[PDB]
Novice: 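Okay, handing you the structure first.
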2 protein chains.
Amino acid sequence: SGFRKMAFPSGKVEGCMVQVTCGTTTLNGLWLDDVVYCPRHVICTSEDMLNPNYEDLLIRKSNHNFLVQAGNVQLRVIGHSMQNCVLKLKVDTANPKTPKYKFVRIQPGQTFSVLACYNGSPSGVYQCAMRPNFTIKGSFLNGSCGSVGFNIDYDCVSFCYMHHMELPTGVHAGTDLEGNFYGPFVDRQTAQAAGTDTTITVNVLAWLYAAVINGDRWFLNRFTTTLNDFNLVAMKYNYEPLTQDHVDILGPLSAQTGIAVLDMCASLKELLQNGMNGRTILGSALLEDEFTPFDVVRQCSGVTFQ
Amino acid sequence: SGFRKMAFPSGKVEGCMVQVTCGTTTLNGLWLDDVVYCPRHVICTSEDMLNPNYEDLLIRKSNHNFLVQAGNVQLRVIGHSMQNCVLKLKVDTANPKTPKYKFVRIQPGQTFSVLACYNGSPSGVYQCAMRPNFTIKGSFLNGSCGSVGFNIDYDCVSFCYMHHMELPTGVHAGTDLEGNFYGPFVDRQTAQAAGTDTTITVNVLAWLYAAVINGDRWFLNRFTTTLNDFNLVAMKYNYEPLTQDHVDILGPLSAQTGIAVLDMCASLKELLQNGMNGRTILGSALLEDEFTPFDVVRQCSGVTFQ
Ligand SMILES: *[C@H](O)[C@H](C[C@@H]1CCNC1=O)NC(=O)[C@@H]1[C@@H]2[C@H](CN1C(=O)COC1CCCCC1)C2(C)C
Ligand SMILES: *[C@H](O)[C@H](C[C@@H]1CCNC1=O)NC(=O)[C@@H]1[C@@H]2[C@H](CN1C(=O)COC1CCCCC1)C2(C)C
């Protein structure tokens, strides 16, 4: 028993992290086979970053301008190209530690692990969710760009995020590994802002089921509700709508606990309308929305990875 | 910016995890050089575990009774011995992935990363603190025994915890890597209970400094207090006493924020006496006590590991 915000083991990704330096700028790259991926703003300098034209900036660059550090071994760059907001640096050595991998793009509401890195060296690992407004609430300092987010499925790493920037409210924005930004953000230094966020309703319900599985039951009740009547309550409290597909996804957790999904919705309603009255749920005094139904089943059942 | 519960990269420990099976029991082992460490209750069966005599049970065992799985490679056991509550299985192959390491015992209030494992395969990684009552609030299921806790300092892994058991309140107990239990627990199936816990005061203050560094300032005030007057408030709210050494350890964080330690104590007092009034601090509606001053400095400054 117990419930923690759990990341995937990071070993498979650690073996892919490299340092990329161009001019004044040092950031992280992801080395898979004979390509290093990194944010294209590495080719920028502090006055380039106000409003750059990256095609113009990149044609002015040479292979030898890119210094790639694989620990204490330098990688020879033999080609470079730009793919949307990422650079692909072709090197003359394939990474012998390349895991099986996929480039996937995730949906708002889904979770992933982040391996935060500085100078190509991993610093720590933590779990994030993609917010509905396409930001992530991360922990990133100067030099963390190019750190990646990922999930692991048995032995395959699905890379879903590469870090590019911090917005003025302290939240973070970045791209998938094809270089396409999540959300309406651009890799320029102009006034950008996150935009209004909402709470991920289906994840809150999943976490309430995790609490029941772990013996926290005080928030349960005999009442029930309809999906439509629940969603009127969700709208007022800035929760996003619950769909029938969400109800279906919660089915396993419903069946394991014997608590009908719509019954747990009735409990959430009372929690939204009444607060928590000085009590806690799974060690939290807030309704937590960064665990997916998959996360709960994985943790409350013991799935591993090889 | 941002503040997350961050674990250490787990790659160095993943390469040490093996599966140990004896009779009916399968658990995890830690393979360093030519020794595999694991909980000694692997030699038990379900009626042995009520009240066993481990010396009697172990003399009845043979090397060939211990089946050690290093992924899809079997390790030949060539000797076995017991050290307190851990077994040391000598194998004929040194682990080529052995990191530089140390066996250290931690203090209540300190933090570490846990690599949860099943059948020798890592499942996830998360950060824990050793509670004042010597339990940890983990996430562990059947088969997780032998998963280890650790810190990394540059390139050296300091192993501090090996998992043995779950207590009736859902918290967890285990040993250091010398096999000595943290706290007054024993590896038998008899009525044991955690005992009363307290909040780790110095860690709460560290986390309040992390919040200031990240722009959460609403809980600050112009008042101050003396160390003695603070500790009278801490006693009532079941916080442990703050010492002058704690004040000294908080010095760096005090100097970076310009908020005197005793001033932050005055803020904590008002938070304890008034609650939080519907607001949050670093995304939490509770006072968080599982970040050490070191954890805050590491995260709010960007230290890496090679
Ligand atoms: C890359 O290491 C760095 C990571 C930032 C620094 C602080 N926290 C982080 O996550 N990214 C940048 O420096 C980017 C680069 C320059 C400006 N950056 C910012 O993060 C500044 O934040 C603003 C957000 C919207 C308005 C413009 C940028 C770009 C975006 C090229
Ligand atoms: C080892 O994989 C297992 C891990 C437990 C199972 C559930 N969650 C966990 O962390 N440990 C045990 O099964 C130990 C073994 C047998 C009983 N165990 C318990 O955890 C049962 O909990 C009780 C706690 C105090 C009273 C006796 C045990 C021992 C302790 C040998």
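We name chains A, B, ... by the order of the sequence lines, and we start the count at 1 in each one. Numbering of ligands and ligand atoms starts at 1, following listing order. Computed from heavy atoms alone, side chains included, the values below leave out hydrogens, waters and symmetry copies.
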Novice: Could you tell me whether A/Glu290 and B/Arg4 make a salt bridge, using a distance below 4.0 angstrom between a side-chain N and a carboxylate O?
Specialist: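 Salt bridge between A/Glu290 and B/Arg4, a charged N being under 4.0 Å from a carboxylate O: yes.
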
Novice: N/O to N/O below 3.5 Å, does that happen between A/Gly143 and ligand 1?
Specialist: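 Yes; the residue has a nitrogen or oxygen that sits under 3.5 Å from a nitrogen or oxygen of the ligand.
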
Novice: Give the residue and atom name of whichever protein heavy atom lies nearest to atom 18 (N) of ligand 1, and the separation in Å to one decimal.
Specialist: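 In this structure, atom 18 (N) of ligand 1 has A/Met165 CB, 4.2 Å as its nearest protein heavy atom.
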
Novice: Among B/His164, B/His172, B/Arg40, which one puts a heavy atom closest to atom 14 (C) of ligand 2?
Specialist: B/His164

Novice: Got a sec, which residues hit salt bridge (charged side-chain N to carboxylate O under 4.0 Å, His left out) with A/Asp48, two or more places apart in sequence or on another chain?
Specialist: none

Novice: Going by a strict under-4.0 Å cutoff (protein heavy atoms only), does atom 2 (O) of ligand 1 have a neighbour on the protein?
Specialist: yes

Novice: For B/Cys145, is at least one N or O under 3.5 Å away from an N or O on ligand 2?
Specialist: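 Yes, B/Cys145 has an N/O under 3.5 Å of an N/O on ligand 2.
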
Novice: Check ring pair (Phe, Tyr, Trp, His ring centres under 6.0 Å) between B/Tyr161 and all other residues, then give those that pass, not counting sequence neighbours.
Specialist: B/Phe112

Novice: Tell me: protein heavy atom nearest atom 7 (C) of ligand 2, and distance?
Specialist: B/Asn142 OD1, 3.6 Å

Novice: Tell me which protein heavy atom sits closest to atom 21 (C) of ligand 1, plus the residue, atom name and distance to 0.1 Å.
Specialist: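 Result: A/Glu166 O, 3.8 Å.
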
Novice: Starting at CG of A/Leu177, measure out to CZ of A/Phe150 and round the result to the nearest 0.5 Å.
Specialist: 11.5 Å

Novice: Return the closest protein heavy atom for atom 26 (C) of ligand 2 as residue, atom name and distance.
Specialist: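 Nearest neighbour among protein heavy atoms for atom 26 (C) of ligand 2, to 0.1 Å: B/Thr190 O, 2.8 Å.
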
Novice: What's the separation between atom SG in A/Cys16 and atom CZ in A/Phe159, rounded to the nearest 0.5 Å?
Specialist: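 With rounding to 0.5 Å, SG (A/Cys16) is 5.0 Å from CZ (A/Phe159).
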
Novice: Can you tell me which residue and heavy atom of the protein come closest to atom 10 (O) of ligand 2, and the distance to 0.1 Å?
Specialist: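 Nearest neighbour among protein heavy atoms for atom 10 (O) of ligand 2, to 0.1 Å: B/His163 NE2, 2.6 Å.
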
Novice: Please classify the B/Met49 to ligand 2 contact at 4.0 Å (heavy-atom distances, strictly less than): side chain, backbone, both or neither.
Specialist: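 Only the side chain of B/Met49 comes within reach of ligand 2.
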
Novice: Heavy-atom distance under 4.5 Å between the side chains of B/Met6 and B/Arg298, does that happen here?
Specialist: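 With C-beta onward as the side chain, the pair touches.
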
